[PDB]
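Have a look at the structure below, then the notes.
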Amino acid sequence: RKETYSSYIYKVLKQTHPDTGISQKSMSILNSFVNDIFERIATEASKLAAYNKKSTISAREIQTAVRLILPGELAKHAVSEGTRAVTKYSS
Amino acid sequence: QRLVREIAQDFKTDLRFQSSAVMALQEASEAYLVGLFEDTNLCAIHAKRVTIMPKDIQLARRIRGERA
Amino acid sequence: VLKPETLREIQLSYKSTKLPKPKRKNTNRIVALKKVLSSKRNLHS
Amino acid sequence: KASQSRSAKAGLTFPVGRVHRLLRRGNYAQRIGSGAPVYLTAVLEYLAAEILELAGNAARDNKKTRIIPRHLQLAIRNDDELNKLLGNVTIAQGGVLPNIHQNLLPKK
Amino acid sequence: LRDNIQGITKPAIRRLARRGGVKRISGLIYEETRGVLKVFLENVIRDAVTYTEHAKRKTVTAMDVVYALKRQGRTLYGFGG
DNA sequence: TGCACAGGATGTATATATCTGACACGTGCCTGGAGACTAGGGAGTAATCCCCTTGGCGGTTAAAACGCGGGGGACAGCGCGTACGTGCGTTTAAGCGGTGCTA
DNA sequence: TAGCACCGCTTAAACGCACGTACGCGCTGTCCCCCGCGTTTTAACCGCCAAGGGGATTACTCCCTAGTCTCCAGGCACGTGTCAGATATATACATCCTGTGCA
């Protein structure tokens, strides 16, 4: 079996725009983009931890990484969303 | 496909390709070439000429650093 | 915008009128008389 | 018996558990903080939603219901911060934004 | 296979440059364009073929091409990544 | 004699239907969450010792700034010659789907 | 089972060639600005006067955290069915032919 983000991409799309359809090519583009950006963030986290000599990748490390990779406004929105997710997890 | 087959055959004997690989190579080639061409266009514009000339491409390469 | 179905609707519309009576004659003038009454062409034409 | 996914607990659609496993298998660290996979899921969902919204706007303005790579290229190249983010990335059959240098036109 | 460097033709270079918005072109451009394409292809193909040969392999797959391009820093989306 | 139309012929935009793609709903397996055990890396704690400004001050100096001459670099005009643009007739082989093998 | 190879029609993208025209280059004169250089002004350090602050490094000490095995039971992926669309082809006349009876 093979698993991909495609189903989740389809779900979020339908949430955003019910009446809109999507091609398989665009679905694969989006899946590749999410995979790539996940990889990028994970590498940045690894490098940071290595310098800091911390064995645990906490949410805080990922947060700083996300600020590094993303443009400032996009980084701010990302960190805000991540913190909101953290708060909901805390419940 | 003839060009890529020839270059790979020069590089390695008895190769095969995926059709998708050849298509991806064509796509990547076209993307690179359009980028190069637009850079050359800006160079020629700076020269104050509409006729693009090889030196314009060479300059584009150097500023890009592919041949610096 | 006009078809033989419009002619059929006129035939159905004929049921309201009762009085007129026909006649017969032939000449090219009468042919043109038929031609105007069978134009079926629009203001665009 | 009944249970709820950690994604629903976080309130995210992306599979936070799959992200956690992929992080662990990627051997990026000996220890993985439980907040890392949720945070990743949140940021990834935000980015996905943003790009998808842009693509949908492009689709509507094109007046086509199915996103094709043209729409994705339009969206990515338009949004200047994403454009600078992805400058080294090419989208298959995306094409390019139309652009004509003024001095090339005869006039106007 | 022979002379396939010519096989690109002039009109293909013409159309590609047309995408680039060039209003005026010179005859010499074609040869330079072919040379640039040749060296680009040679590098990409060598990287892809070495990516293939690692895997005790004979068929160059789209994965080999896309990851070779990634190693050249040119990132390509939409082919199963 | 030549026209009007009675009797007849190919056709076709209009209309009814058949020939292909994509999305939602059904199975069913490698699972994701959860329970409990676990320990050693993270975090809280405490020096400790070393490196960073004090702060403006005068008496100096090396670099910065400002002023000037001028001459040659940039650059707007333009004569002209040609090599790319537009438009043919003509050819190739790039594209289409099809049949048979295989690595 | 996806790639390879040969068949073999069908264009249409390439090609040779013809004409011209507007573009690039060669040379022009102009004039303004930025180098070569001299004089004035500012920024910086030495020595005055010797430190206290607070910061980064270092270690000990829990303890909490999620690495681990394991069961439970699933929700996600692979696939088939259904619904739609793009394509296909009758039809109700549409666009007409043509012998011949009438004026």
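Here the Cβ is made from the backbone with ideal geometry for all residues, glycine too, and neighbour counts use every protein chain on show. Where a number appears in this text, it was derived from the coordinates with a stated rule and is not lab data.
Each label was represented as a point 7 Å from its Cα along the Cα-to-Cβ direction; for A:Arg60 and D:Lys9 these points are 2.2 nm apart.
Against chain D, whose longest principal axis comes from its Cα atoms, helix D:35-62 is set at around 30 degrees.
Positive-end ranking of D:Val38, D:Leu82, A:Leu70 along the dipole of the protein assembly as shown, with charges on Cβ about the Cα centre, is headed by D:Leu82. Considering only alpha-carbon pairs that sit under 8 angstrom and 6 or more positions apart, the relative contact order computed for chain B is 21 percent. Would you report the distance distribution of C-alpha pairs in chain A as whole percents per 5 angstrom bin, up to the bin with the largest distance? Pair shares across the bins are 3, 12, 16, 17, 20, 17, 9, 4, 1, 0. Put a dot 7 Å past the Cα of E:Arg71, heading toward its Cβ, do the same for C:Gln11, and the two dots end up 8.4 nm apart. Listed by chain and number, the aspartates and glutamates whose C-alpha is less than 17 Å from the C-alpha of E:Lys23, apart from same-chain residues fewer than 8 away, are B:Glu38, B:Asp39, B:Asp56.
Membrane-span-like helices in chain B, defined here as complete DSSP H runs extending at least 30 Å along the helix axis by their C-alpha atoms with mean Kyte-Doolittle hydropathy no lower than 0.5, are B:19-47; this is a sequence and geometry rule, not a statement about a membrane. For the protein assembly as shown, taking Cα atoms only, Rg and Dmax work out to 31.5, 115 Å respectively. The smallest convex shape that holds all Cα atoms of the stretch E:2-80, its convex hull, gives 124 Å³ per residue. The charge dipole of the protein assembly as shown, taken about the Cα centre with unit charges on the Cβ atoms of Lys, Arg (+1) and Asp, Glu (-1), comes to about 2600 debye, rounded to the nearest 20. Nearest 10 degrees is fine. How inclined is helix D:69-78 to the longest principal axis of chain D, computing both from alpha carbons? Once rounded, the angle reads 80 degrees.
Given Cβ point charges of +1 (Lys, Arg) and -1 (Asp, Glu) and nothing else, what value in debye, to the nearest 20, does the dipole of the stretch D:4-89 about its Cα centre take?
Working: 14 positive and 7 negative charges, 105 e Å.
The calculated dipole for the stretch D:4-89 is roughly 500 debye.
Take the residue pairs A:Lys2/D:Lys64; C:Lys3/C:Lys35; C:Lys15/C:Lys35; A:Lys25/D:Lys84; A:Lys2/E:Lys58; A:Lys88/D:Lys1 and return only those whose Cα atoms are more than 21 Å apart. Don't jump to the answer; show the numbers that get you there.
Numbers: A:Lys2/D:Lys64 31 Å; C:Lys3/C:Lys35 16 Å; C:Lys15/C:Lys35 24 Å; A:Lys25/D:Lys84 23 Å; A:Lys2/E:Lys58 24 Å; A:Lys88/D:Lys1 23 Å.
Exceeds cut-off: A:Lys2/D:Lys64; C:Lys15/C:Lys35; A:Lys25/D:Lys84; A:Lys2/E:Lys58; A:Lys88/D:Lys1.
Which log10 I(q)/I(0) values, to two decimals, does chain C give at q = 0.17, 0.33 Å⁻¹ under the Debye formula with one point per Cα? The calculated log intensity ratios at q = 0.17, 0.33 Å⁻¹ are -0.73, -1.06. Peptide E:4-10 is shielded by partner chain Cβ atoms: per residue, an average of 3 of them sit within 10 Å of its Cβ.
Taking packing as the residue-averaged number of other Cβ atoms within 10 angstrom, the listed peptides C:6-12, D:22-28 run from highest to lowest as D:22-28, C:6-12.
Counting only other chains, and only Cβ atoms inside 10 Å, what mean value do you get across the residues of A:76-89?
6
Nearest 10 degrees, 0 to 90: what angle lies between the long axis of helix D:16-25 and the longest principal axis of chain D (Cα atoms)? The angle comes out at about 80 degrees. When both the stretch D:59-95 and the stretch A:1-32 are represented by their alpha-carbon centers, they are found 15 Å apart.
Averaged over residues, the count of other Cβ atoms within 10 Å places the peptides D:82-93, E:66-77 in the sequence E:66-77, D:82-93, highest first.
Averaged over peptide B:12-22, the number of partner chain Cβ atoms lying within 10 Å of each residue's Cβ comes to 6. Shown here for the stretch A:11-75: trypsin sites (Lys or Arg not before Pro) in loop regions (DSSP other than H, G, I, E, B) with at most 10 other Cβ atoms within 10 Å, namely A:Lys53.
Estimated from helical segments only, the mean residue ellipticity of chain A at 222 nm is -26000 deg cm²/dmol, where each DSSP H run of four or more residues counts as -39500 (n - 2.57). Screening chain A for DSSP H helices whose Cα atoms reach 24 Å or more along their own axis and whose mean Kyte hydropathy is at least -1.0 gives A:24-52, A:72-90.
For chain B, go through all pairs of different Cα atoms, get the mean of 1/r, take its inverse, and jot down that Kirkwood value in Å. The partial results should precede the final answer.
Details: mean 1/r = 0.0714 Å⁻¹.
One over the average 1/r among Cα pairs gives 14.0 Å for chain B.
If the Kirkwood radius is taken over C-alpha pairs of the stretch D:4-89, then at 37 °C and 0.692 mPa s the Stokes-Einstein diffusion coefficient equals 221 µm²/s.
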